[PDB]
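Only one chain is given next, in structure tokens, and it is the form solved without adenosine-5'-diphosphate (ADP).
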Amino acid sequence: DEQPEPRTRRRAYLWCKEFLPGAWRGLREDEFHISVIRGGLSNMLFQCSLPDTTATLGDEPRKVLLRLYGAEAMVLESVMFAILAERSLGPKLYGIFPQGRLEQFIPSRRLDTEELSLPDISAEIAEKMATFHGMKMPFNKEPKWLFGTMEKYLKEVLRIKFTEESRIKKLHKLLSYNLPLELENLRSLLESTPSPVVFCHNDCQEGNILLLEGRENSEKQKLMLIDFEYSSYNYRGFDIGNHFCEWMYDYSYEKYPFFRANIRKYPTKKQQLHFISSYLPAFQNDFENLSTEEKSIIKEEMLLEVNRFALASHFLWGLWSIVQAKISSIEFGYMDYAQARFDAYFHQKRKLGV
């Protein structure tokens, strides 16, 4: 039950006392409870609560989450969060300030990688993503995010000068593929792959899906998608393809390189069909009322769409991870992860016949 630094405790007390109504407003510092949920250098998370012996005066929360950012993007992220809260699609927003946010506390745990393949879990994720994709949001709707970001990362990657031997070697191998040309071949494939532009999460992995406390044995409505900070208008195929890729990566491994990758855990076509069978009628209202024939065509075209876009998940996050090897202050086997994504990229490309 980790306690924050006295400085952080006092700042948290003041934020809660000033931004939250009812019993919070008259709270004494020596009555304030706070514990560290997640440490680190950025997005530190704390649980803040009233004393058990303090009654609420109205409908103020008894417990809240404090997010500290640490050490235009701010405007967009804050507006998006506020909008998703209003629409009941994310945690409520209780307070916003230069240093962080006070959010609704949602009793829950995160999903584990293996849970992504449970049929009921996968069905709900599909429904939740289809819902998220229907959001109208006040952001640029031109789908420049995917290749814009890949181009940016590629430029950064080409110019990295490592000083450490193993990183120099792994980088040389990764750049030996001719990434500018390969990126262009990917662009060509994806340009011939129709995929609607929708508000995408862009990071639908197990670590960003809450299993809601007390709902674990309920068939539906037991999940919440969170951590929208990378969301943007983007190709629908990317969001689904990226999710499918996440079946293969477990980030909870406690030893170096602090992840495991398993190509054999990518969803089978049967599993993908189960997922898209839940996605489609959640995204397109009267989908169920189409002929078995037209449903099957729509499903077949979507399978090809999402599996082609899955290549962009590998390519983008592969480049991303090389960049983190250069710039990150967090411990993780970034170069080995990069190699794993590019290995998966070529394996997938082969299976596609592309």
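We number the residues from 1 along the sequence you see. Think of the rigid core as the biggest set of C-alphas that the two forms share within 1.5 Å after superposition.
Fitting on the core, do the C-alphas of 280-288 or of 241-249 deviate more in 9 other deposited structures of this protein? Between 280-288 and 241-249, greater C-alpha deviation in 9 other deposited structures of this protein belongs to 280-288.
Of the stretches 209-217 and 183-191, which sits farther from where it is here in 9 other deposited structures of this protein, on average over its Cα atoms, after fitting the core? Between 209-217 and 183-191, the one lying farther away in 9 other deposited structures of this protein is 209-217.
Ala71-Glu72 interval: deposited residues absent from the model: Unmodelled stretch: 10 or more residues.
If you average the CA temperature factors over each stretch, which comes out higher, 13-21 or 327-335? According to the PDB entry, the answer is 327-335.
As stated in the PDB record, which stretch has the larger average Cα B-factor, 32-40 or 48-56? Taking the mean C-alpha B-factor of 32-40 and of 48-56, the larger value falls to 32-40.
Return the residue from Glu86, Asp239, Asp227, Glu216 that has the highest Cα B-factor in the entry. Top of the list by C-alpha B-factor: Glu216.
Criterion, highest CA B-factor; candidates, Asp120, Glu246, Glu115, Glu165: So the option with the highest C-alpha B-factor is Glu165.
Taking only the Cα B-factors deposited for this chain, tell me whether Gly318 sits in the lowest, middle or highest third. Bottom third by C-alpha B-factor.
What third of the chain, by the recorded C-alpha B-factor, contains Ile297? It belongs to the middle third of the chain when residues are ordered by C-alpha B-factor.
Pull the Cα B-factor of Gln205 out of the PDB entry and bin it into the chain's lowest, middle or highest third. Lowest third, going by the recorded CA B-factors of the chain.
Ranked against its chain, the third holding the CA B-factor of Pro281: Middle third by C-alpha B-factor.
Lowest, middle or highest third - CA B-factor, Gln99: Answer is highest: the recorded C-alpha B-factor places it there.
Separately, the form solved in complex with adenosine-5'-diphosphate (ADP) exists; it is not shown, and the next lines address it.
Can you tell me which of 103-111, 275-283, 179-187, 118-126 lies within 4.5 Å of adenosine-5'-diphosphate (ADP) in the bound PDB entry, counting heavy atoms only? The contacting stretch is 103-111.
Which pick from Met248, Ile83, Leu174, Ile226 sits with a heavy atom within 4.5 Å of adenosine-5'-diphosphate (ADP) in the bound PDB entry? Partner contact (heavy atom, 4.5 Å) among the options: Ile226.
Please tell me which of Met135, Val157, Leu210, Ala130 lies within 4.5 Å of adenosine-5'-diphosphate (ADP) in the bound PDB entry, judged by heavy atoms. The residue from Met135, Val157, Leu210, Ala130 that makes the contact is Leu210.
So in the bound PDB entry, does any heavy atom of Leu304 sit within 4.5 Å of adenosine-5'-diphosphate (ADP)? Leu304: no contact with adenosine-5'-diphosphate (ADP) in the bound PDB entry.
Find out whether any non-hydrogen atom of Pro91 is located within 4.5 angstroms of adenosine-5'-diphosphate (ADP) in the bound PDB entry, and reply yes or no. Answer yes; at least one heavy atom of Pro91 falls within 4.5 Å of adenosine-5'-diphosphate (ADP) in the bound PDB entry.
Find out whether any non-hydrogen atom of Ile298 is located within 4.5 angstroms of adenosine-5'-diphosphate (ADP) in the bound PDB entry, and reply yes or no. Result no; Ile298 lies far from adenosine-5'-diphosphate (ADP) in the bound PDB entry.
Close approach of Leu45 to adenosine-5'-diphosphate (ADP) in the bound PDB entry, 4.5 Å, heavy atom: Result yes; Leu45 sits at the interface with adenosine-5'-diphosphate (ADP) in the bound PDB entry.
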